[PDB]
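Only one chain is given next, in structure tokens, and it is the form solved without its partner chain.
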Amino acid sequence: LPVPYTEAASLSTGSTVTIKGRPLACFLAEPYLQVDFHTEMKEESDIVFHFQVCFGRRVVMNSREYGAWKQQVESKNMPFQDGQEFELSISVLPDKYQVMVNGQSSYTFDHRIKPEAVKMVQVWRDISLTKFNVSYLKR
């Protein structure tokens, strides 16, 4: 899959975004992974959910609203494993996103903007990607 990876998308309660991929360097090099849920197809559009991994160090989550970054949430939780493929599953719950890493609940982020505002998902920085899916099974 090409990285940066972009897909038009819609989200609501019950939606799951599944990403399978792979850092491009060992953790000692501090590769990054970024997943952004955008309100428009344009990359300068607002970001309802920003998820940024500095592999082996930290994760930051935030939103970008009317062009400006808001209060970041910083986590030191690091379930990702050096040199390994990862499977990332972001579920849209009524009150928050829930982020699973290799099947383990690892982060959550309460909705600041309704998920129905999302029109695009971008996955980029220092990863390769073998799978991307947005589920569309629920009303």
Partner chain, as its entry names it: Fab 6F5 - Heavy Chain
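Residue numbers count along the first chain shown, from 1.
The same protein has a further form, the form deposited with its partner chain bound, not shown here; the description that follows concerns it.
Novice: My question is simply whether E65 lines the interface with its partner chain in the deposited bound form - judged by any non-hydrogen atom within 4.5 Å.
Specialist: Within the cut-off, so yes.
Novice: With the partner left out of view, is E40 within 4.5 angstroms of its partner chain in the deposited bound form by any non-hydrogen atom?
Specialist: Yes, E40 sits close enough to its partner chain in the deposited bound form that at least one of its heavy atoms falls within 4.5 Å.
Novice: For 102-120: residues with a non-hydrogen atom within 4.5 angstroms of its partner chain in the deposited bound form?
Specialist: The stretch touches the partner through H111, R112, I113, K114, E116, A117.
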